[PDB]
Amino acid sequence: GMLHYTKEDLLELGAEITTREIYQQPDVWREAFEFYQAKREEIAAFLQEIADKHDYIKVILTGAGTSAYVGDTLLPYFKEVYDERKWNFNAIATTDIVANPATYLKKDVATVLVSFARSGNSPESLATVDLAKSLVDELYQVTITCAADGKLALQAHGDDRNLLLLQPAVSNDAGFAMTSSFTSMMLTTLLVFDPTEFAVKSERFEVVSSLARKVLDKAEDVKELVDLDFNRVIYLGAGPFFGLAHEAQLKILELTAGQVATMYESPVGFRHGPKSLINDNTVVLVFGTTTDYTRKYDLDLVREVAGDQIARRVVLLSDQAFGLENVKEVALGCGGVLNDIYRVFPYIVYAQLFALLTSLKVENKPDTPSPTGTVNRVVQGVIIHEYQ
């Protein structure tokens, strides 16, 4: 198990489901990868037909909450590697689309709507699909969802323009918080759209899974941070790690019922006002980039915040430790096998453990962390209004 905890301890503390769902991630990813591998020809044919038909293609990666951050996290990688004049990638939350459809859904633009959902039962998921069908003349869909009996999945069959990519059944997280659903969806999406050769994807997958298991094995390293005196947490990252930070900090908010206040930023963005949030009771964690160029900017920022000596702790997740003063460096090293976009997986596993253990520290029940009932596993109170 995790730390010393027995399964019995975890049940008594209301953390068995969430702990199980975090720890099952490498196994879930291997199933997802194998499903990808079996479907890869069909998936590539699907996308190729669209490319053959249309000169400009708007791809919209869309979900709500943690499902929105799937697109946010992967977006900068796709933007780098694709020519925007052909495949124009966007991450637009379902919660944005439902409120302002006209901003995003345009009649004459060929559009591939890539819908993400753990439960499939957020009203905004179906409303976004329905608005897209209403407003876009040439619409295709890729539906990436974990619940085969969720409304999103149920309405995604028998349509030659909708590629349904169900995630493994156990990734339909019963926990309040999305854990294995988030990472499984993100892995599927990266495998689908990453133009890298299959053999390279395979190798990277194996290293992703190895690194993640190492993180899980060393939960005590995360506990060391949890044990510090803090009630604010700030996650920072550049590139894909900006959306990853957004997810990492949300996991805290959610699992501590906001008893820990939070922020996400990039390291370079952080200086321009947001850094004001730091106080003596703040932990700052950086998801480090490993390209030589971008790493330099991370390092200057970590040096500065450590040097300020205000924060309780500055933590840098990277591929190596330089031996920085007043920084906890967490070295997760691939031998360089992984590029940055695949490092999101072990990095978020660390973040999930931090959120889980912090929930336990504050005596919240991670599996059911909103005792007021004002936040819910499946969103409540969403009304869809008719658009004309």
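One-based numbering along the sequence shown.
Asker: 39-47 versus 350-358: which one carries the higher mean Cα B factor per the record?
Answerer: Mean B over CA atoms: larger for 39-47.
Asker: Can you tell me which stretch has the higher mean Cα B-factor, 222-230 or 306-314?
Answerer: On average, C-alpha B-factors are higher across 222-230.
Asker: Per the entry, which of 112, 148, 109, 245 tops the list for Cα B factor?
Answerer: Of the options given, 148 has the highest CA B-factor in the PDB entry.
Asker: Which of these, 324, 337, 64, 61, has its C-alpha atom at the highest B-factor, as the entry lists it?
Answerer: Reading the PDB entry, the winner on C-alpha B-factor is 337.
Asker: Ordered by C-alpha B-factor within the chain, which third holds residue 374? Give me lowest, middle or highest, please.
Answerer: Its C-alpha B-factor belongs to the middle third of this chain's values.
Asker: Where does residue 19 sit by CA temperature factor within its chain: lowest, middle or highest third?
Answerer: According to the entry, residue 19 has a C-alpha B-factor in the chain's lowest third.
Asker: Ranked by Cα temperature factor within the chain, is residue 363 in the lowest third, the middle third or the highest third?
Answerer: Highest third - that is where residue 363 ends up once the chain's C-alpha B-factors are sorted.
Asker: Ranking the modelled residues of this chain by C-alpha B-factor as given in the entry, is residue 290 in the lowest, middle or highest third?
Answerer: According to the entry, residue 290 has a C-alpha B-factor in the chain's middle third.
Asker: Would you mind checking where the Cα B-factor of residue 33 ranks among the modelled residues of its chain, as the lowest, middle or highest third?
Answerer: Its C-alpha B-factor, which the entry lists for residue 33, ranks in the highest third among residues of this chain.
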